[PDB]
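Novice: pasting the sequence and an experimental structure:
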Amino acid sequence: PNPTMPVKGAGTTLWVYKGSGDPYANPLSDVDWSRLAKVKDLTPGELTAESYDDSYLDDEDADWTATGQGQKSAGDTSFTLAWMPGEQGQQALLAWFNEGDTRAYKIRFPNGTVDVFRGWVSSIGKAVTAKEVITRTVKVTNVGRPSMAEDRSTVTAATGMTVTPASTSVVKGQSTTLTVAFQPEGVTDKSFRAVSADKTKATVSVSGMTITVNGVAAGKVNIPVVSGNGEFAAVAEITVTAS
Amino acid sequence: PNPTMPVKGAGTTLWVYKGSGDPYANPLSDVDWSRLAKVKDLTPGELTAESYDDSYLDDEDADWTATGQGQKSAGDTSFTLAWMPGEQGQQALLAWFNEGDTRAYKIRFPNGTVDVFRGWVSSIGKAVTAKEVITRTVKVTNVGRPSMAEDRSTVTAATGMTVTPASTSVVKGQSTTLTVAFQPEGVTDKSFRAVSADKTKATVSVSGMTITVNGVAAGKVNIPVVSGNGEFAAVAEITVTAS
Amino acid sequence: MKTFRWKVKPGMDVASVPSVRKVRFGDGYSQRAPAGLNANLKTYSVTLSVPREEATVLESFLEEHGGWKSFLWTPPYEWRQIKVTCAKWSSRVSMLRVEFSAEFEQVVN
Amino acid sequence: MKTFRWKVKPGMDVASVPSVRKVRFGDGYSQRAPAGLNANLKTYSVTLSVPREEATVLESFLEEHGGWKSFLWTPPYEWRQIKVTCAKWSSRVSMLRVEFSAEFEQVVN
Amino acid sequence: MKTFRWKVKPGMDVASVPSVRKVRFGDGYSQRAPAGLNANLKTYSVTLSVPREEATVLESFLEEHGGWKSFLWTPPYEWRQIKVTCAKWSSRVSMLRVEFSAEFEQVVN
């Protein structure tokens, strides 16, 4: 469950809220959530927006049209799933359609991250064919703003900038390793770059979360290492001998 | 990179502006920019221009219609990229869509060229299916005037940077200055940034080629200076006395 | 100056409405006479579209004439120079162009 | 306050209608005079669109003059500052914006 | 009761039309005075959409006030409590909802 790398999207599940608390509060817990099993496929909502004209006569440079973002919509979420009329959850789905109330429903992704929306049923279909299991197709029109998985995400910048260099001699044809700790009390979410100070006696390669330093020419060389936008940095000095 | 010859197009990078300056000034720099990694598909918006009628009762040769260029619009830039909710640049994307402000974003091609637009996110989407990576789909509506790569047709490429510091004692209540020679035969289109290697003994402020170093605490302090995306960099040393 | 030197849009209206002396009571007999000597003077509902900079010149011309002070004009209808006055000339100022909507009532004096 | 600062988006309507004295003689002849002594005033049918929070400021500014009183404004037509009075300023409210319609009449006062 | 406690639809009109004393003959000099003391009282064209059951409560409120008997109201325009009266409030009764179209003329007494 790494929410910083791409995922294959298999194992995603779907639930509908059946409690009375705050669905947006704790969507990680599936206590008061009824699962819709046998989900054939799912098309999530499309968060769109409408534009307002932002062109005034008093403006200079009237050659290019200008706009601005207005209200935003939460789109419709569709999904088809195996038709099981005797299974509770489908009965709850038809009750949701008939009563027509606005209810919350969450989608659990195979990252540990969830996406909970809130809407009402606007379509209940069904495809009947031989040699293929009967499917029930549902469409939910969403209202208001939903809680994306990027809302529950957290960042950490606890200032743990540590640089451990080799700080030893290197020779022609060999290389040395430079290490940068990315543990501001462990958790981190940033990036960094490193480069030599001359590019005439030594070369650097920043990969594998390490720095490979190659002494093409002898002498004293320096390597700045700056993390992120420039929040923190360090300097390493490496000696290259004639031998 | 040969902008005078056709190029393939593998290695196109999308970036968004998090700085406060003018994004159109130096788009080549990646200093105040954040990369949108894992781009599955890209489609830059097409510039268009409406028409106005230009036919008049008085003119002859009325058998053929006439028209003239109206108002230009920078179109809609669309891109689908792998869904990584927990990495910065995608939470920034969702914040950009939610707030609705008009930020700048640039596209860098394997030519050393870059197209920079200004716009706001108008659509945010998802595509869930087993055996395929979950893809977040984004659409951006551009406003105002775009700065296409054809505007920049000179680029002197720089290829030179040196820094001479004071490298002398700094007393409390007084500050020193650092000199940065960035003149490979003078003409340049390239800027820099500098940072302190410890943030305790001395603090550096960089503005308008003026780098002021304050010796907050006594000892030997290091100031790395890196220019542009990280091709050139160097180190300066400053001594600070308690008295 | 004394000559409208601008070019009008295709759609332009030309009303005639001649002035005659007509006598008829109820549905009975009717008698018609040509009334005045200078027949009908027509009326040209005219529209123009000019860039935002020529608007000042056109409006300065029209406001200098100011309802009175007829000027010379060659309508593309009959291509014959006549004398006209303008009294309304409203304007609509779009982002890049401005559209004048005016009326030209032909005169004699 | 004195100066109108908010901008006008869509393309206003500029109406001139100069007042003249006109006498219609007999067979097609006429007599025309400028009636007044000082130019033509011109009026602007104008529309603003402003966020739901700036609408209160706009309404307060337009109320502080209250139909009478004149404020300075530089129309995006001739780009010369003039004195205007507004007496309608209707306003339609929306979800995130408010759209104002008004008739600014230029006055020599 | 004494407080309109319903929520209005997005599109709502606010006309102002201040009352002033204006003196002007022909196109000559003009004089303007602020007439009364309580400036302009505006006018809110308001529309509401309520289910078919709350229509009875809303109409009972409006008909109990019955043209006279101003009530307190907090418009989402300036968010400041005022006193208004309603005189027309037509209604359109759809299959599941009803739509009230009413006018609120702000008063003082």
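Specialist: Thanks, I have it. Numbers count the residues shown, from 1 in each chain, chains lettered A, B, ... in the order given.

Novice: distance of the closest residue to chain A within chain C from chain E?
Specialist: Distance from chain A to each residue of chain C (CB to the nearest CB) is smallest for residue C:95, at 5.1 Å. (Each C-beta comes from the backbone N, C-alpha and C, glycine too.) Distance, residue C:95 to chain E, using CB to the nearest CB, to the nearest Å: 26 Å.

Novice: also residue C:33?
Specialist: 37 Å.

Novice: that residue is in contact with residue C:21, isn't it?
Specialist: Yes. Counting by CB atoms under 8 Å, residue C:33 touches residue C:21, with 4.2 Å between them.

Novice: residues contacting the residue lying farthest from the centre of chain C?
Specialist: Within chain C, residue C:28 marks the point farthest from the mean C-alpha position, 37.0 Å out by CA atoms, centre = their mean. Residues near residue C:28 by CB atoms under 8 Å, 6 or more residues apart in numbering or on different chains: none.

Novice: give the helix, strand or coil label for residue C:64.
Specialist: At residue C:64, secondary structure determined by DSSP: H, G, I helix; E, B strand; the rest coil is helix.

Novice: ranges for the helices of the chain?
Specialist: In the absence of a named chain, this looks at chain A. A:90-99 (DSSP state H).

Novice: you answered for a different chain; I wanted chain C.
Specialist: Taking DSSP H, the helices of chain C run over residues C:54-65.

Novice: which parts of it sit against chain D?
Specialist: Residues of chain C that fall close to chain D, judged by CB under 8 Å from any CB of the partner chain: C:36-39, C:41, C:55-56, C:59, C:62-63, C:66-70, C:85, C:87-95, C:98, C:107-109.

Novice: now the buried members of the residues you listed.
Specialist: Among these, those that count as buried by neighbour count (16 or more other CB atoms under 10 Å in any protein chain shown) are C:36, C:38, C:41, C:55, C:59, C:62-63, C:66-68, C:70, C:85, C:87, C:89-95, C:98, C:107.

Novice: quick one: which of these sit in strands?
Specialist: In strands, judged by DSSP state E, the following of these are found: C:85, C:90-93, C:98.

Novice: quick check: the farthest pair among those?
Specialist: C:85 and C:93 (23.8 Å; CB to CB).

Novice: the residue of chain C closest to chain A reaches residue A:54, doesn't it?
Specialist: No. Between residue C:95 and residue A:54 there is no contact under CB under 8 Å: 11.7 Å.

Novice: one step back: as CSV, the ones in strands among the buried ones among the residues of chain C next to chain D with distance to residue A:105 would be great.
Specialist: Formatted as CSV, those follow (distance: CB to CB, whole Å):
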residue, distance to residue A:105
C:85, 72
C:90, 56
C:91, 56
C:92, 51
C:93, 51
C:98, 54
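
Novice: which parts of stretch A:45-53 are buried?
Specialist: Of all the residues in stretch A:45-53, those buried under the rule 16+ other CB under 10 Å are A:45-49.

Novice: check contacts around the residue lying closest to residue A:79 once chain neighbours are set aside.
Specialist: In space, and not counting its chain neighbours, residue A:79 is closest to residue A:42: 4.0 Å by CB to CB, 6 or more residues apart in numbering or on different chains. By CB under 8 Å, 6+ apart, residue A:42 lies in contact with A:12, A:14, A:77-79, A:107, B:128.

Novice: thinking residue A:10 is in contact with residue B:133, fair?
Specialist: No. In this structure, residue A:10 is not within contact of residue B:133 by CB under 8 Å, at 10.5 Å.

Novice: ok, these two, which is more surrounded?
Specialist: Applying other CB atoms under 10 Å in any protein chain shown to residue A:10 and residue B:133 shows that residue B:133 carries more neighbours, namely 17 against 12.

Novice: ok, the residue farthest from the centre of chain C to chain B distance?
Specialist: The value you get for residue C:28 to chain B, if CB to the nearest CB is used, is 45 Å.

Novice: dihedrals phi and psi, that residue?
Specialist: phi -80, psi -150 (degrees, to the nearest 10).

Novice: outside of stretch C:31-42, which residues touch it?
Specialist: By CB under 8 Å, 6+ apart, stretch C:31-42 touches C:14-24, C:105-108, D:26-29.

Novice: cutoff 6 Å now
Specialist: Residues from elsewhere that reach stretch C:31-42 (CB atoms under 6 Å, 6 or more residues apart in numbering or on different chains): C:14, C:16, C:18-23, C:106, C:108, D:27-28.
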